[PDB]
Amino acid sequence: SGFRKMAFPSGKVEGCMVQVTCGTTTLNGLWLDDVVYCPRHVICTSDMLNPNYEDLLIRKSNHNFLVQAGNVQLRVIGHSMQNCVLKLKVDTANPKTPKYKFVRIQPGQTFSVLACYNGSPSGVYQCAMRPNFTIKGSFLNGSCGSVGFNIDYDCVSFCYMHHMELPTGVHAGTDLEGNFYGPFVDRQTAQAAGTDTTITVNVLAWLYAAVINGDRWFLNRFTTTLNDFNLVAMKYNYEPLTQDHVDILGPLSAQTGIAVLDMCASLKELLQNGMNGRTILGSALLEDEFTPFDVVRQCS
Amino acid sequence: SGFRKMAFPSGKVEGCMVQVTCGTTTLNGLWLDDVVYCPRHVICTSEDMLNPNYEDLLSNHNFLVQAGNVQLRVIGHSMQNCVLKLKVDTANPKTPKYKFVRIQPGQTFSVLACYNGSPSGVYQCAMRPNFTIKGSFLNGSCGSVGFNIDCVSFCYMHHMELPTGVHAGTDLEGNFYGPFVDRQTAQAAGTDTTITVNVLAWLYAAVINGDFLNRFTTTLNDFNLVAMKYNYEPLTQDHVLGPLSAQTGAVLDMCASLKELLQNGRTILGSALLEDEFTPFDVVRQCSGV
Ligand SMILES: O=c1[nH]cc(-c2cc(-c3cc(Cl)cc(OCc4cccc(F)c4)c3)c(=O)n(-c3cccnc3)c2)c(=O)[nH]1
């Protein structure tokens with residue numbers, strides 16, 4: 001029993017976090033082999049409104065960049081820009097380097113965040129990419145260059161680098177290839193984010209997790225087509241559910257014997273009725289930061 | 001900005017996890033220097049687990065210790081309270097600076113759940129006032145540890161799941177938290193209560209995050225009255241936590257607000273019910289970047 005928003009063991013990322021300085025500007029970098037990855041606005045100053053990143057990089061030498069892995073000063077022997085990520089060639093290969101990959105993730109995916117300051121981790125926590133491509137993280141100034149990731153066996157899938165906090169208090173960033181998620185740019189101009197919606201297929205996976213752990217108070221005797229569920233779920237700002245979603249919910253239907261569409265009916269009623277004083281897996285709201293894969297890993 | 005339930009980095013602790021096998025019983029152990037700590041109920045058979053006599057049940061060779069794909073040679077075994085100690089040939093080189101502490105209820109900590117010696121994930125808990133923790137554990141997770149980092153301060157080692165889905169365990173000296181024993185029998189938690197000082201500290205984390213306050217200051221005596229009705233631990237003068245109101249300016253006003261929230265009853269920092277698993281030291285710790 002039990003159900004908590006658990007992150008992966010951060011150990012394999014902790015061994016990669018270094019500190020990157022360029023003039024007056026200090027933030028975190030990720031050290032994999034002989035390359036350190038960090039946000040490119042490390043070269044900016046307060047260049048915030050309309051930075052010309054190529055112009056600013058041209059005026060840098062290798063030794064403009066202080067790389068610092070704990071007590072050691074790494075030596076920068078090369079650098080280039082790939083989209084919004086900076087890539088620094090150091091002369092020593094990180095021996096703590098894990099087996100890893102870079103992966104772009106679609107909204108709804110979950111990942112762990114290791115929030116660092118100065119190359120020092122401060123905490124870990126679990127996060128979902130919102131449909132509007134943002135993340136409701138816990139980030140202070142100094143946070144940039146922190147990373148999101150999944151562990152799969154002993155291979156680390158890196159999927160997020162943190163670049164900025166938006167005026168609303170939510171956070172934006174890039175894959176490790178330097179391409180932003182969502183329609184954002186690393187510059188201090190007005191850039192609004194699309195409306196946020198509940199991640200429907202995660203709420204459904206959560207309902208199954210509640211049933212796996214012994215609770216069925218929310219079910220009912222109704223079912224629904226997939227279209228009538230979407231017509232209702234949208235009015236609560238719920239993402240559409242697709243046939244794809246319904247398929248990956250397959251294995252959870254099997255373990256419970258409750259058919260996905262039947263469980264959509266349950267969700268339908270919960271949006272209509274509320275909790276009525278009750279809780280589900282400890283919460284009094286419907287919870288959308290767990291994917292079907294997370295539910296399968298933690299519950300069984 | 002933002003507030004999440006955050007766990008300490010776990011790498012220092014991942015390096016100390018190992019598997020311990022006795023009979024068909026497998027579970028997790030804690031490898032520090034040349035000692036491996038785990039639960040004494042790893043010597044029991046299921047038939048033994050009904051009414052165990054540990055002293056009598058307790059040779060070396062019958063202890064398979066597995067660090068990764070390395071076998072630790074067991075050269076000595078002994079018991080301290082409800083914990084088993086296994087001396088091994090070789091000290092763990094990844095031994096961090098550490099120490100065994102014992103935490104009070106209302107204190108929070110991190111759990112690195114494990115299976116067959118392999119860290120599966122980490123999360124932030126609180127020691128419930130009824131001395132249980134609401135963690136997330138399957139069979140095979142016995143021996144996972146709770147801890148804080150400051151130096152790793154191990155405070156918890158997981159032993160059993162109670163019938164209600166909650167979990168009970170010991171400190172690393174083998175003393176149980178709460179009124180429980182390590183044998184399969186009839187045991188259930190005492191009625192539980194909400195950690196009042198932590199709800200206030202969480203209401204503070206929201207306020208300094210842009211989130212319900214109340215102009216109608218109450219007094220300490222008047223509040224506990226409200227609190228006892230609603231199953232809240234009484235608020236002491238120690239719980240008065242100065243550094244959080246001095247950083248956002250009112251203490252009995254926050255009590256005034258909580259006192260009102262309980263009666264009337266939207267959401268705060270994205271929870272619909274009042275959260276009591278953040279300590280005031282957590283709140284500063286998170287909103288400070290240490
Ligand atoms: O030496 C350092 N220097 C800079 C930072 C830094 C920089 C940013 C940042 C970066 C860019 Cl490219 C643009 C930016 O405008 C955001 C904005 C503001 C107003 C309207 C708007 F549309 C967008 C901020 C930033 O967000 N953060 C930050 C703060 C809190 C939480 N996480 C990230 C930190 C740092 O840590 N170290």
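Rules used throughout
Residues numbered from 1 in each chain as written, not as in the entry; some residues may be left out. Chains lettered and ligands numbered in written order. Heavy atoms only, no water. Residues with missing side-chain atoms left out of burial classes, pairs and counts. Helix = DSSP H or I, 4+ residues; strand = E, 2+ residues; numbered from the N terminus. Domains from an automatic or database assignment. Buried < 20%, exposed > 50% of the residue type's maximum accessible area, 1.4 Å probe, protein only. Salt bridge = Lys/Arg side-chain N within 4 Å of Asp/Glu carboxyl O. Near = heavy atom within 4 Å. Polar contact = N/O pair within 3.5 Å; in protein donor to acceptor, adjacent residues only side chain to side chain. Areas by Shrake-Rupley, 256 points an atom, 1.4 Å probe, with all protein chains shown as cover.

On to the overall build of chain B, then. In terms of helices and strands, chain B carries eight helices and 13 strands. Each principal axis of the C-alpha distribution contributes one length, and for chain B these read about 70 × 40 × 30 Å.

According to the domain assignment, chain B consists of domain 1 (11-88) and domain 2 (196-287). Of note, the centres of domain 1 of chain B and domain 2 of chain B, computed from C-alpha atoms alone, are 43 Å apart.

Looking now at the environment of A:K12. You can see A:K12 is positioned in helix α1 (residues 11-14). Residue A:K12 is classed as partly exposed on the basis of its relative accessible area of 31%.

Before going further, it helps to examine the pattern of salt bridges. As enumerated under the stated definition, the model contains 18 salt bridges over all chains in all. Between A:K89 and A:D34 there is a salt bridge, and its shortest N-O distance comes to 3.6 Å. Of the residues examined, A:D34 reaches a relative accessible area of 26% and is grouped as partly exposed. When the shortest N-O distance is used, the salt bridge between A:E289 and B:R4 registers 2.5 Å. Residue A:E289 is located in the loop between α7 (260-273) and α8 (292-299), and its partner B:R4 is located in the segment before α1 (11-14); the two belong to separate chains. Assessed through its relative accessible area of 6%, A:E289 is described here as buried. For B:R4, a relative accessible area of 14% corresponds to the buried category.

Residue and element names in this part refer to chain A. The environment of the ligand is formed by 20 residues, the closest being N141, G142, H162, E165 and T189. Within the backbone of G142, an N or O atom sits 2.8 Å from an oxygen atom of the ligand. In the environment of the ligand, an oxygen atom lies 2.8 Å from a nitrogen or oxygen atom belonging to the backbone of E165. Protein chains shield 81% of the accessible area of the ligand, which is 750 Å² for the free molecule. Contributing elements (two or more residues each) for the shell around the ligand: β2 (25-32) and β12 (155-165). A per-element tally of the shell around the ligand places β12 first, with four residues.

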